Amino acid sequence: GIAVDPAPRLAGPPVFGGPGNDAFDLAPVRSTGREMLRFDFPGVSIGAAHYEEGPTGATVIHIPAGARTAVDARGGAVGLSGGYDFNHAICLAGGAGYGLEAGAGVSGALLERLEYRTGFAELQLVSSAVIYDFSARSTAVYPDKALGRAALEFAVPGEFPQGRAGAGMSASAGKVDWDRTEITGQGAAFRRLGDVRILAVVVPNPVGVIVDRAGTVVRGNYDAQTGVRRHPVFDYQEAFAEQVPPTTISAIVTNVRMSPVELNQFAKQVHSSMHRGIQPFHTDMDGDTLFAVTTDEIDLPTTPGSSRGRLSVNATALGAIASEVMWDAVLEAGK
């Protein structure tokens, strides 16, 4: 039962005219956030680094073996690099399109680690996605190549820093009006069921708001005049009656083998499920992008039955389970 803090964390208006990267002697800081999630998923490491001067950051999922990936991108503001069907790393970052550079830092560092071998089979593949986090701060500092390299260098197996850390440093939700927008964070959750492992990582910077399982809006669209958050649809319908009278970037990593077709449909399913915890979602203003990654370690049984039903153990069932892990990650990001 994730205890979301009721207190507002309004982002506030930005002070314009703020300086960019070279105005600072930028030292990457290893992000520790509010709390560390510890999880057991050998082969998967997470590094998060930030620049205090932004504040902005990058979060890197490093899977050195490489892992089959599906990408599900939705909305009118996607900022994506690579989008590969096989990745050594996923890089999530602030700084809008400029922050795709962090992924290039990861790629270059991975190349150096491979002693500059460049065989087609040895290519180090990093997919990156970004949020626009400039309205939540004054500066134009963005995650650059050095910060992506640092996030890779800071990667620790089986740890994730919750909250304001890495790409989540200046993430925010609820953008009907910026006066009601609140800082979110990044979040992760992990479930092991038998030998099945599911890790969800999310950086919600939604137009919409974060909603818990009871239907309560818990982060975003905080009206300082009422002291409460309501669902954006109330503002939108009132807006229409008045004026028309008569990004979230995320990854799900699992160890269950899925074919490319199964993996892509799993990706769509889990990403759609996030319209439960984030509302609205998959909007034209959002660049929502989910990476579904399998480390291909265990097989589903060849037939889908169990005592819980004829069609109970398949990738759809995995997607339902993973959808709940992702909701938990979204709630950790908003907590």
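The numbering used is simple: start at 1 and walk along the sequence shown.
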Might you work out how many residues are unmodelled in the deposited sequence between residue 246 and residue 247, and answer none, 1 to 3, 4 to 9, or 10 or more? 4 to 9
Mean CA temperature factor from the deposited coordinates, higher in 199-207 or in 107-115? 107-115
178-186 versus 237-245: which one carries the higher mean Cα B factor per the record? 237-245
Per the PDB entry, maximal CA B factor within 129, 121, 126, 165: 121
Among 69, 302, 289, 279, where is the Cα temperature factor highest, going by the PDB entry? 302
Within this chain, which third does the Cα B-factor at residue 193 fall in: lowest, middle or highest? highest
Of the three thirds of the chain ranked by Cα temperature factor, residue 230 occupies the highest
Determine, from the deposited record, the chain-internal third of the Cα B-factor for residue 147: lowest, middle or highest. lowest
Pull the Cα B-factor of residue 285 out of the PDB entry and bin it into the chain's lowest, middle or highest third. highest
Grab the CA temperature factor for residue 267 from the record and place it in the lowest, middle or highest third of its chain. lowest
